[PDB]
Amino acid sequence: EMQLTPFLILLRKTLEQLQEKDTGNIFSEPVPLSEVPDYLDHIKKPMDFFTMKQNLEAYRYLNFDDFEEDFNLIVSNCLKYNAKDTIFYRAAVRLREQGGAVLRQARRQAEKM
Ligand SMILES: CC[C@@H](C)Nc1nc2ccccc2n2c(C)nnc12
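Taking UniProt numbering, the leading residue of the sequence shown gets 627, the next gets one more, and so forth.
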């Protein structure tokens, strides 16, 4: 029960904060299926920050849970696809931790709306 514009402004800011936590930009764009040809054999729904931005501006995120669900896919896909002893796997663990704090704060501000 809130206004659409301030909510989208908040998701835009939150998405920028999450992208800032991904310092290697390894989640900024879709996993290049031509460089990882078996990726879609394992990953039911790829997700990345660029796609999240397009979804945001297409009005696909009208509540905080749908935004956070796609962030969680970025993390879970990476944990699933990559072995534990890799930089990619540990980067998804770090993003889960650092991103989770960004999301809790942003969700509090959405609840103020
Ligand atoms: C051996 C498969 C590894 C290299 N997987 C990934 N490669 C990526 C390459 C470019 C951008 C993202 C990539 N990625 C992500 C995200 N999760 N796993 C991989």
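For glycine and all other residues, C-beta sits at the position ideal for the given N, C-alpha and C.
Let me check understanding here. Comparing Cα to Cα, which of the options lies closest to residue i?
i           : options            : result
residue 707 : 667, 734, 697      : 667
residue 670 : 704, 709, 630, 710 : 704
residue 723 : 630, 644, 709, 633 : 644
residue 691 : 730, 710, 702, 712 : 730
residue 632 : 673, 682, 712, 672 : 682
residue 734 : 709, 689, 702      : 689
Can you grab the Cα-Cα spacing for the pair residue i / residue j, in whole Å?
i           : j           : result
residue 698 : residue 653 : 12 Å
residue 628 : residue 739 : 6 Å
residue 717 : residue 693 : 20 Å
residue 658 : residue 630 : 33 Å
residue 720 : residue 635 : 25 Å
residue 642 : residue 651 : 12 Å
residue 737 : residue 710 : 36 Å
Considering only the beta carbon of each residue, do residue i and residue j sit closer than 7 Å?
i           : j           : result
residue 678 : residue 664 : no
residue 637 : residue 687 : yes
residue 649 : residue 732 : no
residue 647 : residue 725 : yes
residue 655 : residue 676 : yes
residue 673 : residue 700 : yes
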